[PDB]
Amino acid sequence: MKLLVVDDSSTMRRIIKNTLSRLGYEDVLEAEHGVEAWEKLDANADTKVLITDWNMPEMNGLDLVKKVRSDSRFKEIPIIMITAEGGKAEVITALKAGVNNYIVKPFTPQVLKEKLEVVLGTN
């Protein structure tokens, strides 16, 4: 279960990576921006799950998701968006783009653990 976690917040990347570790998901690659994330996916198509935010310079998460879904290798990759964009217009936009599970920031570490366990369980 190779995961890629994309967020331009260093503290958020830490929280997510620690939470995944608590759930037994130890094989985690990070990215700060969409460009870097895409490069990593394109070069490591064995990646199993994409976790991404929305707002960030160097390609945002909506465009990253669109790009992922248009690639023949990633038609079925699970995509979790974790974002402060809590409005339903934005949720709808992201789901149309190919996001499968939407988690809205902010959260305590315990809440994130509960919400990720809902989608990924433990490993």
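One-based numbering along the sequence shown.
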Practice problem: Report the stretch with the higher mean CA temperature factor, choosing between 91-99 and 66-74 on the basis of the entry. | Solution: 66-74
Self-check item: 39-47 versus 78-86 - greater average Cα B-factor per the deposited record
Solution: 39-47
Practice problem: Go through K115, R13, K105, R22 one by one and give the residue whose Cα B-factor in the PDB entry is largest. | Solution: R22
Quiz prompt | Modelled-residue ranking by C-alpha temperature factor, third containing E26 | solution = highest
Practice problem: Sort the modelled residues of this chain by their C-alpha B factor and say whether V5 lands in the lowest, middle or highest third. | Solution: lowest
